[PDB]
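J.:
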Amino acid sequence: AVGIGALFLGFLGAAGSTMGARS
Amino acid sequence: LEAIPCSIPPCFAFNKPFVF
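Sequences listed follow chains B and A, in order. Letter 13 of the first sequence, counting from 1, is numbered 113 in PDB author numbering, and no numbers are missing. Letter 3 of the second sequence, counting from 1, is numbered 3 in PDB author numbering, and no numbers are missing.
What follows is the structure, encoded as structure tokens:
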């Protein structure tokens, strides 16, 4: 994925990853 | 910027949080 934008915000959900882990 | 968008808040390559 390009990064943020393709990944709409890159929400930190909810501990540490490109856009959130199962965490 | 592509490499790392942050350095300070808890980021990991593509978070820049919103919000946490």
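Ideal Cβ placement from N, Cα and C applies to all residues, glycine included.
Using C-beta distances below 7 Å, list every residue in its chain close to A114 of chain B, excluding the 5 sequence neighbours before and after it, in chain order.
T.: Correct list, in chain order: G120, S123.
J.: Distance cutoff 8 Å, beta carbons only. Does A3 of chain A sit that close to anything in chain B?
T.: Closer than 8 Å: no.
J.: Give the residues of chain A in contact with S123 of chain B, contact being defined as C-beta atoms less than 9 Å apart.
T.: Chain A residues near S123 of chain B: none, gap ~11 Å exceeds 9 Å.
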